[PDB]
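Take a look at the structure set out below.
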Amino acid sequence: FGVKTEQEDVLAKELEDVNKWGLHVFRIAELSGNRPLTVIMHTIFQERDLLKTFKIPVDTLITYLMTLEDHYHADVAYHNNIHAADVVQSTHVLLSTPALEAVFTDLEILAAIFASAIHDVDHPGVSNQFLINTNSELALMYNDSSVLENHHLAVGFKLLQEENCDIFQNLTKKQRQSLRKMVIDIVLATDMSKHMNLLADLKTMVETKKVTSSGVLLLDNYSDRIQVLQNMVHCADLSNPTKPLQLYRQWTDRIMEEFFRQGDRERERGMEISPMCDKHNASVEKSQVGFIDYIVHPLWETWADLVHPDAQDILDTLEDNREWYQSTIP
Ligand SMILES: COc1ccc(CCOc2cc(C3=NN(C4CCCCCC4)C(=O)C3(C)C)ccc2OC)cc1
Ligand SMILES: [Mg+2]
Ligand SMILES: [Zn+2]
């Protein structure tokens, strides 16, 4: 042939939703042969013309994306390549928000998307606290500090050194140093221990919000530009409850499978069982309402204020999903 197979035709039709909140990312995983991260990253890179802008050879991009996707664990229910693909596509939609039109450079866009793609790579499906309490090698390497997030970054960068994997081979030293610092700042901000400070700084920025004549956000210094990118990827990472309920419930099934598996490993070893990890002493519905009330709603309400009114339908879906879970509390 020279034209797509029939499976490739159906995948290409699903990928027409790539600019929309609520992409059927599970269907894209099935149709791509478990390559959601590769096909979604490729589609986004083509759509945003990043291959031409950064002179990325297409074979090098595909080789790196497949290598990165392979270092996500297929046996981990939540922190896998589908979650990476989801956070990439969600970051992509947030970057296109009208309140941010023409705010970010091509290099900052590349940073936010690359950061999203690598942000959980080689996740073992247990928490930082589990790795610290078991005296894992990873906890020792990173001195018990943002252990997983340090590891995600180190693997994401290290994989650029595999055969035909250096997608940044044509960037100048100045571009690579700036890209690298922004990617590190974004992924380290995905550690939930940083959530409260990130949210305080986003709130401060909403109170002192400056807008251009075009009605778009004004971000002068690096500190403000990087805080917005950090909160954007953090929002993408915490975007599950803002999705149509059929998607949210698949994410909830997956995180609860992963948490219960950690709880089984803790109970086996006689360790204290972590919050929400005890399959015998769990209230999935109550936990989701608490997650939304204390973490997700305060973050997304502050984001919605920053980009008012672009996020109103996302905030509405979140409040609808919150009432659905509340209404199922036994
Ligand atoms: C305030 O009461 C809460 C009540 C419930 C929860 C989590 C239950 O749901 C989900 C949780 C997560 C995550 N939970 N956390 C951490 C949250 C912060 C405190 C430590 C526990 C783990 C993560 O690092 C990620 C982002 C992977 C993702 C997707 C979920 O549903 C689709 C959290 C808090
Ligand atoms: Mg993470
Ligand atoms: Zn994540």
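Position 1 is the first residue of the sequence, and the numbers go up from there. Counting starts at 1 for both ligands and their atoms, in listed order.
Atom numbering of ligand 1 starts at 1 in the shown order; those under 4.0 Å from a heavy atom of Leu238 are 26 (C). Of all atoms in ligand 1, listed by their number and element, those nearer than 4.0 Å to a heavy atom of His79 are 27 (C).
For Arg269 and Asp264, the salt-bridge test fails: no basic side-chain N is under 4.0 Å from an acidic carboxylate O. For the pair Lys13 and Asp9, the salt-bridge criterion is met [side-chain N within less than 4.0 Å of a carboxylate O]. Using a cut-off of 4.0 Å between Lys/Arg side-chain N and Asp/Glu carboxylate O, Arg267 and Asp278 are scored as salt-bridged. Between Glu257 and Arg261 there is a salt bridge, with a side-chain nitrogen of the basic residue lying less than 4.0 Å from a carboxylate oxygen of the acidic one.
Looking at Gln227 and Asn231, their side chains never bring a donor and an acceptor atom within 3.5 Å of each other. Side-chain polar atoms of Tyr78 and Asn240 form a donor-acceptor pair below 3.5 angstrom. With no hydrogens or angles considered, no side-chain donor-acceptor pair links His79 and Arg254 at under 3.5 Å.
With respect to atom 8 (C) of ligand 1, the closest heavy atom belonging to the protein is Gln288 NE2, 3.4 Å. Nearest non-hydrogen protein atom to atom 22 (C) of ligand 1 is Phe259 CZ, 4.3 Å. Considering only non-hydrogen protein atoms, atom 24 (O) of ligand 1 sits nearest to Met192 CG, 3.3 Å. Of all protein heavy atoms, the one closest to atom 4 (C) of ligand 1 is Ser287 O, 3.4 Å. Distance from atom 30 (C) of ligand 1 to its nearest protein heavy atom, with residue and atom name: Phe291 CE2, 3.5 Å. Looking at atom 1 (C) of ligand 1, its nearest protein heavy atom turns out to be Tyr294 CB, 4.0 Å.
Remark: aromatic rings of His83 and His119 are close, center separation under 6.0 Å.
Checked by distance only, ligand 1 and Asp237 stay at 3.5 Å or farther apart across all their nitrogen or oxygen atoms.
Considering just the N/O/S atoms of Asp120, the one nearest the Mg ion (ligand 2) carries the name OD1. Sorting the N, O or S atoms of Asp237 by how far they are from the Zn ion (ligand 3) puts OD1 first.
Per-atom contact check: atom 26 (C) of ligand 1 touches the protein, criterion being a heavy-atom distance below 4.0 Å. At a distance under 4.0 Å, a protein heavy atom can be found next to atom 18 (C) of ligand 1.
The residue from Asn164, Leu51, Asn170 that alone fulfils the side chain to side chain contact (heavy atoms under 4.5 Å, CB included) condition with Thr60 is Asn164.
Using a cut-off of 2.8 Å, one finds that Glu149 contributes no N/O/S atom close to the Mg ion (ligand 2). At least one N/O/S atom of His119, whether from backbone or side chain, sits less than 2.8 Å from the Zn ion (ligand 3).
Geometry note: the Zn ion (ligand 3) is the vertex, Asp120 OD2 and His83 NE2 are the arms, and the angle is 90° (rounded to 10 degrees).
In this structure, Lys243 forms a cation-pi arrangement with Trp21, its terminal cationic atom sitting closer than 6.0 Å to the ring centre and no more than 45° off the ring axis.
Of the possible donor and acceptor atoms, one in the side chain of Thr252 sits under 3.5 Å from a partner among the backbone N and O of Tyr248.
Counting only non-hydrogen atoms, the option in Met276, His123, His234 that gets closest to atom 3 (C) of ligand 1 is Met276.
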